[PDB]
């Protein structure tokens, strides 16, 4: 483990056969500065400050991912088609702020130890699927080369609220429901 005051990943490059799909992002101190929309060829910075003062060419990301596609095929053959091992993700649900009735807040679903990076994170309100007011981070890197991903549920705290984070992953026997305890 390298000890340092700051760690940057100027190039989390990801490509996988399932899909197939890829991801390009830069991280600084464990947070995502931007990802590149590979389909729309756009750099998507994650803070207003970054959008105003920092610039990254998406073509650099598209080129690197194309190399990853070629490198993947080569190492698939070299490894006798050794497939990825499905890990069991661990799910934690918590709020961004202390919860007060009527004060808009956010529920945070941390899905940790993801591998392969193929996951379905959805929210349930009283058993009903929530399809709006939900956002998500990209896959964020980890030093053991697995990933974690965070999903956000904006909500207006009320007395009769039942929220769950439903996670679907090949490493799970069944979809995992993580009920949010109001705390």
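Positions refer to the first chain, counted from 1. Rigid core: the largest C-alpha set superposing within 1.5 Å between the two forms.
Visitor: Between 105-113 and 72-80, which one strays more from this form in 4 other deposited structures of this protein if you match the rigid core and compare Cα atoms?
Guide: Looking at 72-80 and 105-113 in 4 other deposited structures of this protein, the bigger mover is 72-80.
Visitor: If you line up the core and then measure how far each C-alpha sits from this form in 4 other deposited structures of this protein, which stretch comes out higher, 126-134 or 58-66?
Guide: It is 126-134 whose C-alphas lie farther from the shown form in 4 other deposited structures of this protein.
Visitor: Determine, for stretches 120-128 and 145-153, which one has the higher mean CA B-factor as deposited.
Guide: The stretch with the larger average C-alpha B-factor is 120-128.
Visitor: Read off the CA B-factors in the entry, average them over 14-22 and over 170-178, and name the higher stretch.
Guide: Higher mean C-alpha B-factor in the PDB entry: 170-178.
Visitor: Between 58, 30, 133, 48, let me know which has the highest C-alpha B-factor in the entry?
Guide: Result of the comparison over 58, 30, 133, 48: 48.
Visitor: If you rank the chain by CA B-factor, which third does residue 113 end up in: lowest, middle or highest?
Guide: Answer is middle: the recorded C-alpha B-factor places it there.
Visitor: Based on the deposited C-alpha B factors for this chain, I'd like to know if residue 71 is in the lowest, middle or highest third.
Guide: CA B-factor rank for residue 71: lowest third.
Visitor: Of the three thirds of its chain by CA temperature factor, lowest, middle or highest, which one includes residue 80?
Guide: Tercile = highest for this residue's CA B-factor.
Visitor: Ranked by Cα temperature factor within the chain, is residue 100 in the lowest third, the middle third or the highest third?
Guide: According to the entry, residue 100 has a C-alpha B-factor in the chain's highest third.
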